[PDB]
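A quick write-up on the structure given underneath.
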Amino acid sequence: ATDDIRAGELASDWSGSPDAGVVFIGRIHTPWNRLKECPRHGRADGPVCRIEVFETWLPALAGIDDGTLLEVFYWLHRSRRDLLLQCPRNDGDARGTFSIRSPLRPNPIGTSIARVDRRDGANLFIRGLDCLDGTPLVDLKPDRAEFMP
Amino acid sequence: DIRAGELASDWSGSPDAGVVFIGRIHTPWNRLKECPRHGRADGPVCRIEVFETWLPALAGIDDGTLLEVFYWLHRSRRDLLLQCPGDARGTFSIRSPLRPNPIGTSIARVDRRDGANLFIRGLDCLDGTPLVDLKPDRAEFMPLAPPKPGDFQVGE
Ligand SMILES: C[S@@+](CC[C@H](N)C(=O)[O-])C[C@H]1O[C@@H](n2cnc3c(N)ncnc32)[C@H](O)[C@@H]1O
Ligand SMILES: C[S@@+](CC[C@H](N)C(=O)[O-])C[C@H]1O[C@@H](n2cnc3c(N)ncnc32)[C@H](O)[C@@H]1O
């Protein structure tokens, strides 16, 4: 059971159904096949990853090209969703889930601010991600600092 | 039903995952045209109501905490690919509330915490918008977990 929690942690017994549905709009390809190999957070000088946007949404890439700084939203598909208190250092220092950027969340939405190296059709070659190879894409937006000074 | 120059997808498939509404955001704006395009730090005070189930997860958030607030734009059509928010633009190239997954964010500082309620300025959503996540904003958060090999990996 990946169900066990660390000392100091707290899991919710909540078992309701979802209120809305998320569509996976692409797939993110990265160097990392194991969670323990992933960066905690991406770095802008990091390895090139490839965001493959699915064919339905290709026209929505209009305006994104080489160099565009993006806020990339992805679904952390391996994460449990029930933790309320977490101890990211496994030392009994428990923090509310909303006070940390842990991938374990009620809605496991991850973001990275990441600049497109190169675009080739549906593929965005991009630096600055931190997710497992094959992580689902859920949204792309222009980063605030570049889009709105 | 769209403007000349826009493009919609005629895609109709089931969702791949489910989103849980963890709260509700209470704001001054009852109509879409009343909402600011983006939130401002000196805008009207709003109330983020976190539902009972997730109250314990607010531990560590208090007056003065800088948050990244994620909400579900529940009134948005999800099919637009080119939009005229002026030449039409790709949906992914703008911060429009009309998106395949209509997730909005605002970066805003908690003015006051009271139990499951956060009183906060800098939002832009319709009164009654569902909350989907809260994170400490990057500008004021330092990751707690220890470094991993990926943290040291620089690209060629
Ligand atoms: C700390 S989270 C930060 C996510 C994002 N940078 C953010 O701030 O929202 C990054 C971690 O999520 C984990 N992870 C990466 N891909 C994942 C996936 N697809 N499902 C669940 N966990 C994942 C890895 O342990 C990685 O180190
Ligand atoms: C331009 S979007 C930006 C959202 C967020 N600040 C971001 O950058 O991700 C803000 C607009 O979304 C619209 N809106 C607000 N709440 C909504 C809701 N619940 N459903 C659909 N549209 C909404 C309003 O027109 C508002 O001006």
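Here chain B follows Swiss-Prot for its numbers: 6-90, 94-164, in order, are the residues you see.
Note that Cβ sites are derived from N, Cα and C of the backbone, with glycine treated the same way.
The candidate list B:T70, B:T113 contains one residue that Swiss-Prot assigns to the S-adenosyl-L-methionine site with B:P41, B:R42, B:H43, B:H79, B:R80, B:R103, B:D132, B:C133, B:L134, B:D135, B:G136, B:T137, namely B:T113. In the deposited model, 3 residues between B:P90 and B:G94 are left unbuilt, and the Cα atoms flanking this gap sit 8 Å apart. Pairwise Cα distances among B:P41, B:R42, B:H43, B:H79, B:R80, B:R103, B:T113, B:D132, B:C133, B:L134, B:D135, B:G136, B:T137, which the record gives as the binders of S-adenosyl-L-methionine, peak at 20 Å. Applying an 8 A CB threshold to same-chain residues 6+ apart, the list for B:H43 (S-adenosyl-L-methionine binding site) reads B:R103, B:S114, B:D132.
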